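Peer 1: need a 3D model of the sequence below.
(6 chains)
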Amino acid sequence: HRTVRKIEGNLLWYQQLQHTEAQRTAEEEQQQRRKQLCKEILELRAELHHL
Amino acid sequence: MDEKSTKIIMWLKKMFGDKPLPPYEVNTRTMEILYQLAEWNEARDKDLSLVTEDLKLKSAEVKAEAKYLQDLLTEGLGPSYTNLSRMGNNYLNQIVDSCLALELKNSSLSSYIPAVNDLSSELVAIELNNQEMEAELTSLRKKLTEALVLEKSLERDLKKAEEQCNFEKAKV
Amino acid sequence: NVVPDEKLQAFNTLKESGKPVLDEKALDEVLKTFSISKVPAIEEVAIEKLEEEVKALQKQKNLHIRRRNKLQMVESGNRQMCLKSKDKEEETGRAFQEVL
Amino acid sequence: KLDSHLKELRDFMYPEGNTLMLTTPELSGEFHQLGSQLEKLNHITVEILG
Amino acid sequence: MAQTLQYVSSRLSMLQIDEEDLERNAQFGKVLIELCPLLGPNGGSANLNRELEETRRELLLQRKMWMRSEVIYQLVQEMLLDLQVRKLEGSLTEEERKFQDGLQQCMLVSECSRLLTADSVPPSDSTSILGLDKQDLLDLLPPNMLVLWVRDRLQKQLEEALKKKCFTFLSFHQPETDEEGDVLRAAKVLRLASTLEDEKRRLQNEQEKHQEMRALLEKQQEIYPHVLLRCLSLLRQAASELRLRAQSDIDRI
Amino acid sequence: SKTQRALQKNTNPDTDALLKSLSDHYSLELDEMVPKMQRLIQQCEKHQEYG
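Peer 2: Numbering: from 1, shown residues only, chains lettered A, B, ... in the order given. The coordinates are given below.
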């Protein structure tokens, strides 16, 4: 049981992590667009706060 | 400790009524937790009693005013104001239900407009706050995972390093 | 006690990947931090989500602009009504002096 | 602070990023060189005695 | 045990209970589980919370009745104000003027009649204000033919006003509907109250989610520094005991 | 407070003190041990020539 938990736990954990990481690599390429969108979101939030 | 203990026992007796108090481990920590809980419950019970009594009073006052307005309208407009068309009644119910949903003081636009704006603003504000908190949770989880991996790697490297040092010590 | 051939292969791959295999204690610590709840994989705010956010914020901005305009209309209308109501107060004040 | 302390100590102990280093790399290189030169000197000595 | 903690933490969000507390004190955990139903989600007693919910329902019923009348009353006042403003602008038709004068007079008489009738108990002996009786005011009502005419016309005007007010509510909540026809607007109005309730419910759900996330964040902020300290402790051991002492002696020899 | 107490128990030696000790030890090895070893290497080369 102990070995099964270890195996499943690690798998689960890294699966969760990888899932989290794999999502990231695709993400580096999209970074400039992300910065632009974040800049746009900040600008829009400021405008919304003024309104 | 003896006073806090008495308060807890009295409070537990009140909460469990006619049921024998279940045996539990009486240590400094269990007593502190129970004591905080007892203080919190007592303070909330007091607040809820005051709110409940007030709502009863308000229910009476609203009832009295409703009767007044009904009588005023019957005498002034006749019984015919209550004989609205099916669509008229639907429109009336929707206004009433909308006002109740926003907990408004009255059906005026001065009350409805700010209420709708506040509801919309609060919903956006909380949704943004939840997104920000989700990012923070994910970020911290990553940091925590990296740190845990590091901890295991360091434990391994340290063991190897200790073996290597022992081997070299033997050679020396 | 049964570990399917798939999970065993996956775990061996994990061992081979050079990633440190977390011991039971470490796993317990980290997994605690795991709410069962399906917290949907933070779909890393897919550029799409940010785009969706930008769209959502633009919609909200348009909405606030429309509501502001409406409010300004209601406010102008009410201001006019309040001035006229003052004139009524003056008329009714004259009628009241006649009765006196 | 904790994160900074950890990063500083780790950088010092893991200079090549992958291996815990107990000996100064410069010193480790000199020991190896000295061992090699002594082995050559021992050959020449054995050869002459022979 | 983890389940017991989750249950207790969800219901007793104020209690800072750790897993170590429940492991060392198993019988105490049973007591907390038994206390959870007796204590409402807000820390108050379950009985008092039930009473509070009942009393709130009663108030909501009474308020619904009051609001029905209040909406009509306000509409009538608004109508009268609008007709008055139009009368001052010289834009009111002779029929509208008669209606306005008749309706205003009917409401005023009614209001004043009530000022006189302190529903109090007949005391056969109570001195009326200015010595006026209800009958003295009824004499100032327009002719019975005009009163009936005003009441019949009011019904049509009230329905139109109710429609106008609903459309305004809708136009403000969903300004995009102003470009839609009256039939579509009427359909959307019939859902307006439910939409607003949904939005309120959404806000409550998002607030609950917020509280959950906050609890998780606090747990992670509690575990993370300890893990860093354990790493630091291992590195310190490698630096002090292995590099400065054990390995340095070996290199010298 | 729990984290600060854990830092004080685990602080003998102070991380800053430890990094200083490590840096001093590193300098001592370069100034004394490394040159000594170089001298010995050179001496061995001379002995070879003597052979």
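
Peer 1: which residue does chain B have closest to chain A?
Peer 2: residue B:145 (5.7 Å; CB to the nearest CB). Yep, even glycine has a C-beta here, placed from its N, CA and C like the rest.

Peer 1: from memory that residue sits against residue A:21, does it?
Peer 2: No - applying CB atoms under 8 Å, one finds residue B:145 not in contact with residue A:21, separated by 10.0 Å.

Peer 1: those two - which one has more neighbours?
Peer 2: Counted by other CB atoms under 10 Å in any protein chain shown, residue B:145 and residue A:21 do not tie: residue B:145 has more neighbours, with 21 against 13.

Peer 1: any idea how far the more buried one is from residue C:72?
Peer 2: Note on residue B:145: its distance to residue C:72, by CB to CB, to the nearest Å, is 53 Å.

Peer 1: what do you get for residue B:156?
Peer 2: 69 Å.

Peer 1: anything in the one helix or strand residue B:57 maps to near chain F?
Peer 2: Assessed by DSSP states H and E, residue B:57 sits inside helix B:28-77. No - judged by CB under 8 Å from any CB of the partner chain, helix B:28-77 makes no contact with chain F; its nearest approach is 14.5 Å.

Peer 1: tell me the residues on chain F that lie near chain E, please.
Peer 2: So chain F meets chain E at F:3, F:6, F:7, F:10, F:13, F:15, F:18, F:21, F:22, F:25, F:29, F:33 (CB under 8 Å from any CB).

Peer 1: mind checking which of those are in helices?
Peer 2: Those of the residues of chain F next to chain E mapping onto helices are F:3, F:6, F:7, F:15, F:18, F:21, F:22, F:25, per DSSP state H.

Peer 1: just flag the most distant two among these.
Peer 2: F:3 and F:25 (29.9 Å; CB to CB).

Peer 1: wait, does the lengthiest helix in chain C contact chain E?
Peer 2: Using DSSP H, we find that the single longest helix of chain C is helix C:47-99. Yes - for helix C:47-99, a contact with chain E is found by CB under 8 Å from any CB, at C:63, C:66, C:67, C:70, C:81, C:84, C:85, C:87, C:88.

Peer 1: got a list of what the fourth one touches?
Peer 2: With contacts defined as CB atoms under 8 Å, 6 or more residues apart in numbering or on different chains, residue C:70 is in contact with E:171, E:172, E:175.

Peer 1: please apply the same query to the fifth one.
Peer 2: When contacts are counted by CB under 8 Å, 6+ apart, residue C:81 touches E:81, E:85.

Peer 1: where's it relative to chain D, distance?
Peer 2: 63 Å (CB to the nearest CB, to the nearest Å).

Peer 1: now the fourth one
Peer 2: With distances defined as CB to the nearest CB, the gap from residue C:70 to chain D amounts to 51 Å.

Peer 1: what is the burial count for residue D:11?
Peer 2: So residue D:11, with other CB under 10 Å, has 11 neighbours.

Peer 1: in which helix or strand would I find it?
Peer 2: helix D:2-13.

Peer 1: tell me which residues in the next helix or strand after that helix are buried?
Peer 2: Next helix or strand after helix D:2-13 toward the C-terminus (DSSP H and E): helix D:25-49. Neighbour-count burial for helix D:25-49, counted by 16 or more other CB atoms under 10 Å in any protein chain shown, picks out D:27, D:30, D:34, D:37, D:41.

Peer 1: compile those into a markdown table and extend it with columns for distance to chain B.
Peer 2: As requested, those are exported to a markdown table (distance: CB to the nearest CB, whole Å):
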| residue | distance to chain B |
| --- | --- |
| D:27 | 14 |
| D:30 | 16 |
| D:34 | 16 |
| D:37 | 20 |
| D:41 | 21 |
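
Peer 1: closest to chain A among the residues you listed?
Peer 2: residue D:27 (38.6 Å).

Peer 1: quick check: that closest one touching residue E:252?
Peer 2: No - look at residue D:27 against residue E:252 with CB under 8 Å: they stay out of range, at 10.5 Å.

Peer 1: overlap in contacts of these two?
Peer 2: Shared contacts of residue D:27 and residue E:252, counting by CB under 8 Å, 6+ apart, come down to residue F:33.

Peer 1: find the closest residue to chain C in the stretch 51-200 of chain E.
Peer 2: Counting by CB to the nearest CB, the stretch 51-200 of chain E gets nearest chain C through residue E:175, at 3.8 Å.

Peer 1: now for that residue, how many residues are close by?
Peer 2: Residue E:175, neighbours per other CB under 10 Å, totals 17.

Peer 1: same question, the one 4 residues further on
Peer 2: Applying the criterion other CB under 10 Å, we find 7 residues in the vicinity of residue E:179.

Peer 1: by proximity to chain F, which residue of chain C wins?
Peer 2: For chain C, CB to the nearest CB, closest residue to chain F: residue C:29, 15.3 Å.

Peer 1: nearest residue to the middle of chain B?
Peer 2: Computing the C-alpha centroid of chain B and ranking residues by CA atoms, centre = their mean puts residue B:44 first, at 13.2 Å.

Peer 1: list the contacts of it.
Peer 2: With CB under 8 Å, 6+ apart, residue B:44 has these contacts: E:42, E:43, E:44.

Peer 1: buried subset of those as a PyMOL selection?
Peer 2: Buried residues among the contacts of residue B:44 (16+ other CB under 10 Å), as a PyMOL selection:
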select buried, chain E and resi 43+44
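
Peer 1: between the contacts of residue B:44, which is closest to residue E:181?
Peer 2: The closest of the contacts of residue B:44, once distances to residue E:181 are taken by CB to CB, is residue E:42, at 47.3 Å.

Peer 1: and the closest residue to that closest one other than its chain neighbours, how far is that from residue E:46?
Peer 2: Excluding the flanking residues, the one nearest residue E:42 by CB to CB, 6 or more residues apart in numbering or on different chains is residue B:44, at 6.3 Å. Shown here: residue B:44 relative to residue E:46, a distance of 12 Å by CB to CB.

Peer 1: residues from chain D in reach of chain B?
Peer 2: Checking chain D against chain B by CB under 8 Å from any CB, the hits are D:6, D:10, D:19, D:20, D:22.

Peer 1: tell me the one of those residues nearest chain B?
Peer 2: For the residues of chain D next to chain B, the nearest to chain B is residue D:20 (4.4 Å; CB to the nearest CB).

Peer 1: the closest residue to that closest one other than its chain neighbours: how many residues sit nearby?
Peer 2: For residue D:20, ignoring the flanking residues on the chain, the nearest one in space by CB to CB, 6+ apart is residue B:157 at 4.4 Å. Counted with other CB under 10 Å, residues neighbouring residue B:157 total 18.

Peer 1: stretch B:59-66 close to chain E?
Peer 2: Yes - residues of stretch B:59-66 contacting chain E under CB under 8 Å from any CB: B:59, B:62, B:63, B:65, B:66.

Peer 1: can you tell me what sits against that stretch?
Peer 2: Counting by CB under 8 Å, 6+ apart, E:55, E:58, E:59, E:62, E:63, E:65, E:66, E:69 sit against stretch B:59-66.

Peer 1: also stretch F:41-51?
Peer 2: D:30, D:33, D:34, D:37, D:38, D:40, D:41, D:44, D:45, D:48.

Peer 1: again with stretch B:144-160
Peer 2: With CB under 8 Å, 6+ apart as the criterion, stretch B:144-160 contacts A:13, A:17, C:19-23, C:26, C:29-30, C:33, D:6, D:10, D:19-20, E:220, E:223-224, E:227-228, E:230-231, E:234-235, E:237-238, E:242.

Peer 1: now, the residues you listed that are in helices?
Peer 2: Per DSSP H, the subset of the contacts of stretch B:144-160 in helices is A:13, A:17, C:26, C:29-30, D:6, D:10, E:220, E:223-224, E:227-228, E:230-231, E:234-235, E:237.

Peer 1: ok, of those, which come out buried?
Peer 2: A:13, A:17, C:26, C:29-30, D:6, D:10, E:220, E:223-224, E:227-228, E:230-231, E:234-235.
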